[PDB]
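I have placed the structure first, in the form of structure tokens, so that the comments after it can refer back to it.
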Amino acid sequence: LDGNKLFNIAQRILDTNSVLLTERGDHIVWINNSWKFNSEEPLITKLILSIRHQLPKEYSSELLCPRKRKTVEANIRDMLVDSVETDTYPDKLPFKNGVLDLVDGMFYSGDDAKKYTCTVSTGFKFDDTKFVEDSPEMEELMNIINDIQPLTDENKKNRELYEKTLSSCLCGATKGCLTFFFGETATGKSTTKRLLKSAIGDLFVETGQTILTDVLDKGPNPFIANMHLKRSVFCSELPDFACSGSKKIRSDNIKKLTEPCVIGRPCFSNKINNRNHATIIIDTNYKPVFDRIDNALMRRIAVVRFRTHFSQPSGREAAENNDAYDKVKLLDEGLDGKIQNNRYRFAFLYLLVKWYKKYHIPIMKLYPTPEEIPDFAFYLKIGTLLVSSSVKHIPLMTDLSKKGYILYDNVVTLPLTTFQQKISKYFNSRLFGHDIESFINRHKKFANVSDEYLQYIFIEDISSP
Amino acid sequence: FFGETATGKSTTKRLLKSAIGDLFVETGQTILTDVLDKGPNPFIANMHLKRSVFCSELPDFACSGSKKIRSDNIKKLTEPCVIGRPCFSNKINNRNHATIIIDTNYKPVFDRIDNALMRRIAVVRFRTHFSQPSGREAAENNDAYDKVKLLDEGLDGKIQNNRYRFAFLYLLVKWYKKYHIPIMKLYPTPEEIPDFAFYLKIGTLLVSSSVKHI
Amino acid sequence: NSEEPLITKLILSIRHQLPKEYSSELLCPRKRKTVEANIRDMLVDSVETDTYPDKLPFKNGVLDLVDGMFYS
Amino acid sequence: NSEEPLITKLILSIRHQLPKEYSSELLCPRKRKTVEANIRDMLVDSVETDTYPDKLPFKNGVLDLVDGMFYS
DNA sequence: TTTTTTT
Ligand SMILES: Nc1ncnc2c1ncn2[C@@H]1O[C@H](COP(=O)(O)OP(=O)(O)OP(=O)(O)O)[C@@H](O)[C@H]1O
Ligand SMILES: Nc1ncnc2c1ncn2[C@@H]1O[C@H](COP(=O)(O)OP(=O)(O)OP(=O)(O)O)[C@@H](O)[C@H]1O
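Residue numbers (this note's numbering), protein chains in the order written: chain X, 1 to 465; chain E, 1001 to 1214; chain A, 2001 to 2072; chain L, 3001 to 3072.
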């Protein structure tokens, strides 16, 4: 009782678990030791033609006809009901010919790599011979790395963060901070960007500046769409906001960028949600300024500093006189060509995985460093210098009461000029007049029609000198 | 390309176009002042795999409403990859292989000037005028020129008919053999631009503190 | 859904409940398309959906928020 | 071309290289479409292009700028 | 803000 032959062929193909359906509406196939999906080519027919050697002899002859292949594809589409979830392992690095385990280090190939439904890859094959610590390329690469970010007591704290942020690019989780590479010209940050791109293949992606300026929901926005399921997104050439007419990056969008999902749609599609598995790195020479500064913004900022100059001999003199640098080196003419030739593709992957094994093994999280945030520093200082009144200050109010304070309904009354003079004794009120005014009308409280008071008691008001 | 009118800018442009065929491209002014993310931009999407891009007729900036050259656009225009989406497509990456040449009669001015901008600027001057016999006399008393010659009537037709298509190609090949054999690189000329002349001296007559000078 | 042909999937799925002489006819895609066309032609009236506000849907059934037991 | 199937033109042009038994089969456009479908099915893996910066491409050949030799 | 995407 042998029925349709093409149905049997389709059933046997489906039994190998080589075609799967995702919740996004796409079909993924397992061909050439990788998971590939696309909406414009017949991948199912390619798989049917490719796997014809695993079937009995009486079945392989039927797959040469394209119409029979189309019939088998239609059957397979009919029998595929039930979606599956993909990209759920954050500690696995997919390649073209297998998946590398970042936890311990062995490389999986073939069926062993099938269980990890990694729908993306690095786009190139993995080679074991070049993945070794002792190679002529390693010493050359270490010299460049030490030149860009020298290791020393002065730079010991910044280099650790610089390597930790680069190492974080290997994970497939969501990151809660953004990276700003602040440096002058010829500081080697572009070389680092190119090295990272060559190391991580097409997982690296570059998008326009508009993902920080406009509204992400203003019609189609392929720039956000291309970010989907990436692990590193680079934005470049921040415009200078000091000059008039420049548009200051909104604080709203950076908070959205730290959410596990982003709202945006591509062309010829209606899907909105996109997985945010990537880290944001933006390189610039000017420190950015935000329209509004809030307490939520200091949990989502991180800055790396570049303080090395690679100058030609003709500019040897002036580079020494400039105070923004700390070391001057001779520019390498042929370095760019070697970088473009993927000369350090695996020597940098070894460094990346070695760094990953150092920091990111137990948990992935960063420690904020508010000790060096000059642009927000004053906003911190008041927060660390003002103590509000409470119940414990009620018994001691009388001593403060003789110092110009009136106990009206158990509320401390603070004259305006007293706080004006106290803050103007060190801060030039002319420079931050607008900022102080904004803080005031955001924090002003009306005791009555005329008198205005502040709900804080200065430490020096109660502590004897 | 800096020079007055009737100095051979368009003749050189057409000679290069006839020499290099489809590898030459002509693009609008929007790539220098207009934002590259304001929807689709086919002007920069047409630069894919091109080897020479020309833009001509820079307007004077003294006119009201004139937009000056953005420094950030210049900085991001020299990158190996340029971001731009042509119409009816989703691709946003274009490969940059072309030399950008701007033809103008006035010295350009930028909104912001910094050490980054001084590294990507070169200027070449045209100092020869071809004049008709009627108005040639008024050309010997002008400092903008150093030699006055007679206009050739039929040169444009010869240039159009691709008469010198291969001679120019041979000359270009000889020049490439002369210069770009070991390493190909273009070097900037900060001095020519007038507005930079301030900053160039700033790093010369000022020095920082020294341990011996403390 | 408006993209994949769920009708053909249903036709292929429920082929076991049909008599023995009808199951073998559903293994060909063209017959499935003809059956789908007939079904689409035979459907005229419409029905309103989601009329019960106190029911929580799942895959293995619907949970009732009044009593607390789970249908399946 | 992003909108024209040049594969059919290539199939028609490459006819003379094949033996005479297969030569007459390519005159029918439907056979050419079938061959194009087969070729598109067996074509997996992408190849990068334009990796040589010192070569000048022409319509009937490529010129080498290193030594001036012309290849066709 | 009319184009763009939509057809
Ligand atoms: N260790 C090194 N030794 C010598 N030359 C180096 C070294 N690292 C980089 N260089 C060279 O010095 C230059 C570094 O400048 P780069 O192109 O990185 O620009 P940048 O100012 O750092 O950044 P961007 O252009 O992205 O703003 C390049 O020409 C590079 O080839
Ligand atoms: N030896 C020569 N070299 C170049 N052009 C010549 C020469 N002899 C005569 N001419 C003529 O001189 C003219 C070249 O200048 P033309 O008036 O065309 O200005 P242009 O190149 O468009 O310059 P600009 O854009 O600065 O105005 C052409 O008409 C050309 O035929």
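A virtual CB, placed ideally from N, CA and C, is assigned to each residue, including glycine.
Would you list the residues sitting across from X:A302 in a DSSP beta bridge? Answer by DSSP bridge pairing, in chain order: X:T179.
With 16 other CB atoms within 10 Å as the buried threshold, where does E:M1047 fall? Counting Cβ neighbours within 10 Å, E:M1047 comes out buried, since at least 16 surround it.
Contact belief for X:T187 with X:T308 at Cβ below 8 angstroms, rounded distance in angstroms: About 6 angstroms separates the Cβ atoms of X:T187 and X:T308, confirming a contact at the 8 angstroms cut-off.
At a Cβ cut of 9 angstroms, what residues of the segment 1072-1100 of chain E count as close to chain X, listed as they run along the chain? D1072, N1073, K1075, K1076, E1079, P1080, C1081, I1083, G1084, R1085, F1088, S1089, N1090, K1091, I1092, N1093: these are the residues of the segment 1072-1100 of chain E whose beta carbon lies less than 9 angstroms from some beta carbon of chain X, given in chain order.
Can you give, in chain order, each stretch of the alpha helix (DSSP H) that sits fully within the segment 208-235 of chain X and has at least 4 residues? Taking only runs of at least 4 residues, the alpha helix (DSSP H) segments lying wholly in the segment 208-235 of chain X are 222-225.
For L:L3012, which residues of its own chain have a beta-carbon under 8 angstroms away from its beta-carbon, when the five flanking residues on both sides are left out? Counting only Cβ-Cβ distances below 8 angstroms, and skipping sequence neighbours, we find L3026, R3032.
Would the beta-carbon of E:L1151 be found less than 7 angstroms away from any heavy atom of ligand 2? When distances are taken from the beta-carbon of E:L1151 to the heavy atoms of ligand 2, the shortest one is below 7 angstroms.
Cβ-based neighbour list, X:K164, same chain, cut-off 6 angstroms, excluding 5 preceding and 5 following: Taking C-beta separations shorter than 6 angstroms and ignoring five residues to either side along the sequence, the partners of X:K164 in its chain run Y359, following chain order.
Pop quiz: X:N97 and X:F131 are said to be a contact at Cβ under 8 angstroms. What is the actual Cβ separation, rounded to whole angstroms? Incorrect: roughly 13 angstroms between the Cβ atoms, too far for contact.
According to DSSP, is X:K329 helix, strand or coil? Here X:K329 carries a strand assignment [DSSP, helix/strand/coil].
If you draw a straight line from the alpha carbon of E:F1166 to that of X:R343, how long is it in whole angstroms? Rounded to whole angstroms, E:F1166 to X:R343 spans 38 angstroms at the Cα level.
DSSP three-state call for E:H1180: helix, strand or coil? The three-state reading of DSSP puts E:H1180 in coil, since its state is none of H, G, I, E or B.
Answer yes or no: does any C-beta atom of chain L fall closer than 8 angstroms to that of E:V1173? Judged by the 8 angstroms Cβ criterion, E:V1173 is in contact with chain L.
Do residue 475 of chain X and ligand 1 come close, with the Cβ less than 7 angstroms from some heavy atom? The question about residue 475 of chain X has no answer here: the residues shown for chain X are numbered 1 through 465.
Please report the distance separating the alpha-carbon of A:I2014 from that of E:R1095. Cα to Cα, A:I2014 sits roughly 54 angstroms from E:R1095.
In angstroms, rounded to a whole number, what distance separates the CA positions of L:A3037 and X:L43? Cα-Cα distance, rounded: 13 angstroms.
State yes or no: is the C-beta of E:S1010 nearer than 7 angstroms to some heavy atom of ligand 2? True, at least one ligand heavy atom lies under 7 angstroms from that Cβ.
I want to check one thing, is the minimum distance from the CB of X:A186 to the heavy atoms of ligand 1 below 7 angstroms? Distances from the CB of X:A186 to the heavy atoms of ligand 1 include at least one below 7 angstroms.
Which whole-angstrom value describes the C-beta separation of E:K1075 and E:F1110, a residue pair presumed to lie in contact below a C-beta threshold of 8 angstroms? The Cβ separation is near 11 angstroms, so there is no contact.
From X:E160, X:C118, X:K197, X:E139, residue whose alpha carbon lies closest to that of X:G172: Nearest option by C-alpha distance: X:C118.
Chain A contacts made by the segment 48-82 of chain X, where a contact means CB separation under 7 angstroms: The segment 48-82 of chain X vs chain A, Cβ under 7 angstroms: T71, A74, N75, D78, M79, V81.
CB contact check: A:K2055 to chain X, cutoff 8 angstroms: With respect to chain X, the C-beta atom of A:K2055 has no partner C-beta closer than 8 angstroms.
Could you tell me whether the segment 413-433 of chain X touches the segment 395-405 of chain X, using the rule of 3 or more Cβ pairs below 8 angstroms? Under the 8 angstroms Cβ criterion, the segment 413-433 of chain X counts as touching the segment 395-405 of chain X, having at least three qualifying pairs.
Within chain E, partners of L:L3065 - CB distance below 8 angstroms: By Cβ distance, chain E contributes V1173, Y1176, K1177.
State the Cα-Cα distance for the pair X:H443 and E:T1078, rounded to the nearest angstrom. Between X:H443 and E:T1078, the C-alpha separation is close to 48 angstroms.
Rounded to the nearest angstrom, how far is the Cβ of E:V1025 from that of E:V1053, given a contact under 8 angstroms? Confirmed, Cβ separation roughly 5 angstroms.
Just the C-alpha distance for X:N32 and X:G219, rounded to the nearest angstrom, thanks. Spanning the two alpha carbons is a distance of roughly 38 angstroms.
For L:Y3022, count neighbouring Cβ atoms within 10 angstroms of its own Cβ and tell me buried if that reaches 16, exposed if not. So L:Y3022 counts as exposed.
For a contact meaning CB atoms closer than 7 angstroms, what does E:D1111 contact in chain X? Residues of chain X whose Cβ lies closer than 7 angstroms to the Cβ of E:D1111 are, in chain order, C243.
In the DSSP assignment, what are the bridge partners of X:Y108? Answer by DSSP bridge pairing, in chain order: X:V99.
On the three-state DSSP scale, how would you describe X:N158? In the three-state reduction of the DSSP assignment, X:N158 falls in the helix class, which pools H, G and I.
According to DSSP, simplified to helix, strand and coil, what is X:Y350? Three-state result, X:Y350: helix.
Is E:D1103 near ligand 2 - that is, is its Cβ less than 7 angstroms away from at least one heavy atom of it? True, at least one ligand heavy atom lies under 7 angstroms from that Cβ.
Here's a check: name, in chain order, each residue in its chain whose Cβ is nearer than 8 angstroms to the Cβ of X:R24, leaving out the five neighbours to either side. Excluding its 5 nearest sequence neighbours in each direction, X:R24 has C-beta neighbours in its own chain below 8 angstroms: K271, listed in chain order.
Quick one: is X:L349 buried, meaning 16 or more other Cβ sit within 10 Å of its Cβ, or exposed? Result: buried.
For X:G123, verify whether its CB is less than 7 angstroms away from any heavy atom of ligand 1. A distance criterion of 7 angstroms places the beta-carbon of X:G123 beyond contact range of ligand 1, judged by its closest non-hydrogen atom.
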